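Trainee: Give me coordinates for this.
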Amino acid sequence: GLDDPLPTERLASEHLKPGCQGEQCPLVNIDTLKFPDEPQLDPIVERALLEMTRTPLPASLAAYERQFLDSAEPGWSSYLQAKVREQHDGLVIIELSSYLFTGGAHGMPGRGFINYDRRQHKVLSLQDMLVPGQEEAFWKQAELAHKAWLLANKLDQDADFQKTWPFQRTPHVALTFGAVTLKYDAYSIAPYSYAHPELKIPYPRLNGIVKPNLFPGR
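Mentor: Numbers count the residues shown, from 1 in each chain. Okay, here it is:
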């Protein structure tokens, strides 16, 4: 049923490079999902996780794991994760996480969203969520959500931080129930200490911007 949540099967594994003994043994950790009632989502999730490893992509998560373990140098690791952030009004909001370490100063984190509409059997892009011609108006509301985020973090009067980290767009937009979530990659609008900043645009600020049929059922 559309107003019922989709049941899901969790596929988790941690694999070490074969024959390697020690703390420096290369490791691949994959935590993904399968949807028995919506099987179209299974390859959509797999591809979205493979995109976070990017050059053509491996054909599968098992091909990626095999390739990484075959060429990894000592101490390297790769983490990929897909989890259901929310289910509401026929929408499935999948949150994606990645962590890549290749012997550098530190690791490389990644984040992403999947906004899957079960009514249409479609992944929604920002373009699919908006009233035609309103992208400019959407990022104007995002700018306001940035100002609210600065005030919440006591950065409202810190002009040196604001010049260093001006407002930027993000490809990661989720149709969360409480507000529209804008999730930022590390080091885009803040230092790594702020992790992955989340901007929230209230739905009443998006009247005539976001398609009305995508507003939460309240």
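Trainee: Checking the residue positioned nearest the centre of the chain next. Helix, strand or coil?
Mentor: Central residue of the chain (Cα atoms, centre = their mean): residue 112, 1.6 Å from the mean position. Using DSSP: H, G, I helix; E, B strand; the rest coil, the structure places residue 112 in strand.
Trainee: give me the element residue 47 is part of.
Mentor: helix 41-51 (DSSP states H and E).
Trainee: Likewise for residue 29?
Mentor: strand 27-34.
Trainee: buried residues in that strand?
Mentor: Within strand 27-34, the residues scored as buried using 16 or more other Cβ atoms under 10 Å are 27-28, 30-33. (Each C-beta comes from the backbone N, C-alpha and C, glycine too.)
Trainee: got a markdown table for these, with distance to residue 176 too?
Mentor: Converted to a markdown table, those look like this (distance: Cβ to Cβ, whole Å):
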| residue | distance to residue 176 |
| --- | --- |
| 27 | 32 |
| 28 | 30 |
| 30 | 25 |
| 31 | 21 |
| 32 | 21 |
| 33 | 18 |
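Trainee: And those, which is closest to residue 62?
Mentor: The nearest member of those to residue 62, counting by Cβ to Cβ, is residue 30 at 8.8 Å.
Trainee: What is the end-to-end distance of stretch 203-218?
Mentor: Start and end residues of stretch 203-218 are separated by 11 Å (Cα to Cα, to the nearest Å).
Trainee: just how off-centre is it within its chain?
Mentor: Here the centre of stretch 203-218 is set off from its chain's centre by 21 Å, with Cα atoms, centre = their mean, to the nearest Å.
Trainee: now for the biggest helix by length in the chain, which elements pack on it?
Mentor: With secondary structure taken from DSSP state H, the chain has its longest helix at helix 135-152. The contact analysis (3 or more Cβ pairs under 8 Å, 6 or more residues apart in numbering; DSSP states H and E) places helix 135-152 against helix 126-129, strand 198-201.
Trainee: Outside of the helix or strand following it itself, list whatever touches it.
Mentor: Going down the chain from helix 135-152, the next helix or strand is helix 159-164, by DSSP H and E. Applying Cβ atoms under 8 Å, 6 or more residues apart in numbering, the contact partners of helix 159-164 are 150, 155.
Trainee: Domain ranges for the chain, per the record?
Mentor: The chain breaks down by curated CATH domains into domains covering 1-124, 125-218.
Trainee: what's the strand or helix carrying residue 87 in contact with?
Mentor: In the assignment (DSSP H and E), residue 87 maps to strand 77-88. Strand 77-88 is contacted by residues 5-6, 8, 26-33, 45, 48-49, 52-53, 61, 68, 72, 92-101, 107, 113-114, 174, 176-177, 216-217 when judged by Cβ under 8 Å, 6+ apart.
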